[PDB]
Amino acid sequence: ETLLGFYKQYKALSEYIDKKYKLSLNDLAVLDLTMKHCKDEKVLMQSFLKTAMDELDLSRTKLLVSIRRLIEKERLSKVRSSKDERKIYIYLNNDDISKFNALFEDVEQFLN
Amino acid sequence: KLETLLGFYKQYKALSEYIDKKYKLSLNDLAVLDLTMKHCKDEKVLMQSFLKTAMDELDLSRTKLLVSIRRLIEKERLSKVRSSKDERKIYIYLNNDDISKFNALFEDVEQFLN
């Protein structure tokens with residue numbers, strides 16, 4: 001009877017975020033983690049994937065889907081190596097950070 | 001705070017995967033089945049009287065609820081009986097095998113989260 005409380009608000013958040021932003025709660029968790037890794041500088045993709053797999057317990061393919069979606073929705077940025085084509089970095093620019101803050105202020109208020 | 005909700009996101013997603021793999025049930029199905037235990041453990045309940053209750057208690061659409069109820073019945077975790085007089089009228093109920101399945105399932109949930 002204490003689990004249902006959690007379930008209602010979780011389901012409620014998931015629908016709200018989906019409707020308003022077309023993001024899943026996986027995308028949010030991934031985006032949250034990007035803030036801890038590439039706020040000030042860029043980070044290599046293959047690296048971020050291992051960190052994220054361990055910390056979020058998501059498959060590599062679920063992570064790639066989320067990262068690609070965040071980039072597509074202009075909430076995360078990507079830069080390739082001029083040296084090695086197969087090497088990709090992700091990073092948050094200033095627009096991305098301002099979007100991030102707006103999004104999570106919106107998250108906190110929906111929950112509170 | 002945010003470590004506790006990201007924390008809870010992990011356990012939540014972990015539970016959903018486990019239940020889906022092992023039972024082919026969603027967490028919606030679980031919430032609905034939990035609610036059935038509070039309404040039709042000892043007697044049957046009219047489908048209408050249940051959909052409204054559940055809609056209010058679980059904040060789910062009538063259609064999401066019909067999907068779950070139908071799935072629970074197909075998975076032999078919930079039972080259904082029709083009126084003989086009005087074909088339109090349907091009841092749901094938990095029989096003794098259903099209750100036994102219910103207990104096994106929730107014991108499994110409770111231990112997975114601990």
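Labels below follow one simple rule: chain letters A, B, ... track the order of the sequence lines, proteins then strands, and each chain is numbered from 1. Because only heavy atoms are used, hydrogens play no part in the values below, and waters and symmetry mates are left out as well, while side chains stay in.
Residue A:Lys8 qualifies as enclosed at atom NZ: its count of foreign heavy atoms under 6.0 Å is above 12. The environment of NZ in B:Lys21 is sparse: at most 12 heavy-atom neighbours from other residues, nucleotides or ligands sit within 6.0 Å. Atom CD of A:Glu15 has more than 12 heavy atoms from other residues, nucleotides or ligands within 6.0 Å.
In this structure, A:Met53 is a member of the same hydrophobic cluster as A:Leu70, with clusters built from ILVMFWY side-chain heavy atoms closer than 4.5 Å. No path of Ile, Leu, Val, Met, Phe, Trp and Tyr side chains, each step under 4.5 Å between heavy atoms, connects B:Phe102 with B:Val81, placing them in separate hydrophobic clusters. Hydrophobic clustering (side-chain heavy atoms under 4.5 Å, transitive across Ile, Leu, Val, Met, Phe, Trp, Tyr) groups A:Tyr7 together with A:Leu3.
If you take CD on B:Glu43 and OH on B:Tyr91, they are separated by 11.5 Å, rounding to the nearest 0.5 Å. Note that CG of B:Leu46 is 11.0 Å distant from SG of B:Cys40, once rounded to the nearest 0.5 Å. The structure places CD1 of A:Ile90 at 9.5 Å from OG of A:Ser77, a figure rounded to the nearest 0.5 Å. In this structure, NE2 on B:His39 lies 8.0 Å from CD on B:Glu57, to the nearest 0.5 angstrom. Note that the CG atom of B:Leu15 and the CZ atom of B:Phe8 stand 13.0 Å from one another [nearest 0.5 Å]. Taking OH from A:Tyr21 and CG from A:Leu31, the interatomic distance works out to 11.0 Å, rounded to the nearest 0.5 Å.
For the pairing with A:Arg75, the side chain to side chain contact (heavy atoms under 4.5 Å, CB included) check across A:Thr34, A:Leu103, A:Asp96 returns one residue only, A:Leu103. Only one option out of A:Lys73, A:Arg69, A:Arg68 pairs with A:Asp27 in a salt bridge (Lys or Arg N to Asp or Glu O under 4.0 Å); it is A:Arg69.
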Could you walk me through whether B:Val32 and B:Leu60 pass the side chain to side chain contact (heavy atoms under 4.5 Å, CB included) check?
-> CA-CA 10 Å; B:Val32 167; B:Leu60 282 162; 4.3 Å; yes
After noting the C-alpha distance and the side-chain angles of A:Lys99 and A:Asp95, does the key distance pass the salt bridge (charged side-chain N to carboxylate O under 4.0 Å, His left out) rule?
-> CA-CA 6 Å; A:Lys99 283 203 190 182; A:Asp95 296 344; over 6 Å; no
Decide side chain to side chain contact (heavy atoms under 4.5 Å, CB included) for B:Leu78 and B:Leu94; before the verdict, give the C-alpha distance in whole Å, the side-chain angles of both, and the deciding distance to 0.1 Å.
-> CA-CA 5 Å; B:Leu78 180 65; B:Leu94 296 164; 3.7 Å; yes
B:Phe106 vs B:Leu30, side chain to side chain contact (heavy atoms under 4.5 Å, CB included): CA-CA, chis, key distance, verdict = CA-CA 9 Å; B:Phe106 277 87; B:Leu30 277 195; 4.3 Å; yes
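Counting heavy atoms from C-beta on, the side chains of A:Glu108 and B:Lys1 never come closer than 4.5 Å. A:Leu33 has its side chain within reach of A:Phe48: a pair of non-hydrogen atoms, C-beta onward, lies under 4.5 Å apart. Side-chain contact check for B:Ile69 versus B:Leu51: some heavy-atom pair is nearer than 4.5 Å.
Although no hydrogens or angles enter the test, the distance criterion places a donor-acceptor pair under 3.5 Å between the side chain of B:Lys13 and the main chain of A:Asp57. The backbone N or O of B:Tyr12 lies less than 3.5 Å from no partner atom in the side chain of B:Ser16, so there is not a single donor-acceptor pair.
When the side chain to side chain contact (heavy atoms under 4.5 Å, CB included) test is applied to A:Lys39, the partners found at least two apart in sequence or on another chain are A:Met35, A:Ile97.
Considering all non-hydrogen atoms of both residues, B:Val45 and B:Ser49 come closest at CG2-OG, 3.8 Å. Residue A:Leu25 comes nearest to A:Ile17 through the heavy atom pair CD2-CG1, 4.4 Å, listed as atom of the first residue, atom of the second, then distance.
Contacts classified as salt bridge (charged side-chain N to carboxylate O under 4.0 Å, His left out) and involving residues 79-91 of chain A (residues at least two apart or in different chains) are not found.
Counted by atom type alone, B:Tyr18 and B:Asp108 present one or more donor-acceptor pairs between their side chains at under 3.5 Å.
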